[PDB]
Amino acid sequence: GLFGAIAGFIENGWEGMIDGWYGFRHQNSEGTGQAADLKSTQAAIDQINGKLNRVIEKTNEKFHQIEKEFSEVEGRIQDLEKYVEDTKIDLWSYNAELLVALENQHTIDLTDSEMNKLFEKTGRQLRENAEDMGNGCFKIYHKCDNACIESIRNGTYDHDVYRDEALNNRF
């Protein structure tokens, strides 16, 4: 993918994450845990539903058209009828092929993007209290119990509370 997260510095997906598209796993003094991130999951799901609804938008409503099967050989006019229909079918087949190719490329890229955004947002929250281990994990240099992990996950983590402890453990 374009952003290097999914199938990138995130080495693999979590088959154990069954309640979200993206989320956190943590190890602290109280043990290990996992939680889905609802906001990024919902962002990805909304974008995919939007593109799916755009693809399903309109049926062409046609009624009386030309004949497309023939029981007799006729020549010129029937040649033109068949050619028009074949040309139409080829053009629309190309449109369909290109549409799914572009859409799928973009879908992979936008889900990769949402993963990367969640990662960067978490890193910015942690400020100087953590380091990027290069595999999608942050080493947090202070005691961070379940409520502290939850504060990171719900966006209310106060880095100043832990900054002295963390800086002391880092350097």
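Position 1 is the first residue in the sequence shown; the rest follow in order.
Going by the average Cα B-factor in the PDB entry, point out whether 72-80 or 95-103 comes out higher.
-> For C-alpha atoms only, the mean B-factor is higher in 72-80.
Pick between 12-20 and 144-152: the one whose mean CA B-factor in the entry is higher.
-> Per the PDB record, 144-152.
Residue selected from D46, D132, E61, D109 by maximal Cα B factor | Checking the PDB record, the top C-alpha B-factor among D46, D132, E61, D109 is at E61.
Using the temperature factors in the entry, find which of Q27, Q34, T41, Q125 has the highest value at its Cα atom.
-> Out of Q27, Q34, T41, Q125, the record gives the largest C-alpha B-factor to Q27.
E114's Cα B-factor: lowest, middle or highest third of the chain?
-> According to the entry, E114 has a C-alpha B-factor in the chain's lowest third.
Ranked by Cα temperature factor within the chain, is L2 in the lowest third, the middle third or the highest third?
-> Its C-alpha B-factor belongs to the middle third of this chain's values.
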